[PDB]
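Here Cβ is always computed from backbone atoms with ideal geometry, including for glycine, and neighbour counts include all displayed protein chains. Each value in this text was obtained by applying a stated rule to the coordinates, not by laboratory testing.
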Amino acid sequence: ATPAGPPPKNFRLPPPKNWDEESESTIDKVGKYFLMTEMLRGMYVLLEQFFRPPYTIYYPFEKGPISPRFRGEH
Amino acid sequence: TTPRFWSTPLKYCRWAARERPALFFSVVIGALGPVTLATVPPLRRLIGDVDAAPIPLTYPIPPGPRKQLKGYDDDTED
């Protein structure tokens, strides 16, 4: 798995942290759980896209780009 | 690794708030029912927030003997 030679520096992970040792406050932990903060943030991203210009072109009235090298009908 | 309640009650409470939030705070909200049933009505009395009297849901028959009224008898018609 690891390459031959001595183990890569710090390859071994430190031991797992217990619930007691987590460096994150209860109020923040409880708040994100019940308020679904990261889901709200993802929804807010969609509204940002809702007000951005769409990429759609109206084919066949408009056409996508092709190059002089384009390979079509013989 | 999970704390035990009867040996360390406070440590268990913190763990439950963080690791079983839905179950822990259901017990907290459920226990707030009795707590407000003991605190607020005494509090409300002290501040003077008095309870409203019940509204009548039946005809309020006057207590006591009849008053023996004299008025609007039959001779008063027309």
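Structure above, values below:
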{"item": "Sites matching GluC sites (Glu not before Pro) across chain A that sit in DSSP coil, with at most 14 neighbouring C-beta atoms within 10 Å", "result": "A:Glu22, A:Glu24, A:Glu62, A:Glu73"}
{"item": "Cleavage-rule hits, trypsin sites (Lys or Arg not before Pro), the stretch A:1-54, DSSP coil, Cβ neighbours within 10 Å at most 10", "result": "A:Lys9, A:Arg12, A:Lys17"}
{"item": "Gyration tensor (alpha-carbon) shape descriptor, the stretch A:28-74, a/c threshold 1.5", "result": "prolate"}
{"item": "Per-residue [θ]222 nm for the protein assembly as shown (sum of -39500 (n - 2.57) over DSSP H runs n ≥ 4, rounded to 500)", "result": "-13500 deg cm²/dmol"}
{"item": "Global form of chain B, assessed from the alpha-carbon gyration tensor, a/c cut-off 1.5", "result": "prolate"}
{"item": "Acute angle (nearest 10 degrees) that the helix B:21-47 long axis makes with the longest principal axis of chain B, alpha-carbon atoms", "result": "40"}
{"item": "Degrees separating the helix A:37-50 axis from the principal Cα axis of chain A, which is the longest one", "result": "10"}
{"item": "Whole-angstrom gap from the stretch B:38-61 to the stretch A:1-52, using each part's C-alpha centre", "result": "52"}
{"item": "In degrees, nearest ten, helix B:9-19 long axis to first principal axis of chain B (Cα)", "result": "90"}
{"item": "Long-range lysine pairs (8 or more apart or interchain), the protein assembly as shown, Cα under 29 Å", "result": "6"}
